[PDB]
Structures are given as structure tokens and as C-alpha cells.
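Student: Dropping the structure in here first, questions after.
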Amino acid sequence: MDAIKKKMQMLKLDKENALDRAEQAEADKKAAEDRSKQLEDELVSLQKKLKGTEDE
Amino acid sequence: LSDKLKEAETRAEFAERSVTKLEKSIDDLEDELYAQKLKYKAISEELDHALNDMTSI
């Protein structure tokens, strides 16, 4: 009865914590992905600028 | 007839005592059941509240 109420509430809390960990992982993943896109863009920019400097 | 009337009055008084005792007994049983039934209804309403709490997830 009362124990069921509190146990379910603690479970609810465990589920929110699990979603919180998932959201933290997804935020760190989004940061890493933004870094990867910036690095790929700089990489292609560097490769063609290098090709142009080689042509010069 | 006097003897018969005295016997009749004694048995009538006995029956009156009996009805009085039964009236107290039924009043007590009714109160106990009212309390238990209120307990049951409270249990049911709290269970409904619990059910909506689990559905809220």
C-alpha cells in the first residue's frame, strides 16, 4: 500500500535518472559530432588549399 | 388465571430483555461493519490513485 506508493515513486526516480544518463551521453555525443564536422571541414579546406599551394 | 398471568408476565419480560440485547448487538455489529467498509473504500480510492500514478509514467 504505502510501501507500493513509495517504491513506485523511487522507480519513477530511477527511470528519470536513466533518461538523464542517456541525455548526458547524447549531449556529449552531439559535442563530439560537432567537433568531427568542424574537423572534417577544416580537413577538406586544408587539402584543397594545400593542392593550390602546390600548384603555385 | 392469576398463576397463568404471572407466568405470562415473566415470559414477556424475558422476551423484552431479549429484544433489547439483540438491539444492542445489531447496533454494535453495524458500527463495526461501517468502519470496515469505510476502510475498504479508502483502500480502493488509494489504489485508484496509485494506478493513475503508474499510468503517469
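Chain identifiers are assigned as A, B, and so on, following the order in which chains appear in the C-alpha cells; residues are numbered from 1 within each chain, and ligands are numbered from 1 in order of appearance.
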With a cut-off of 8 Å and counting only C-alpha atoms, select all residues of chain A in contact with chain B and give the selection as a list in words.

Tutor: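 Taken together, these residues fit the definition: residues 1, 5, 8 and 12 of chain A.
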
Student: What does the structure give for the distance between CA of residue 14 (chain B) and CA of residue 33 (chain B), in Å to one decimal?

Tutor: 28.7 Å
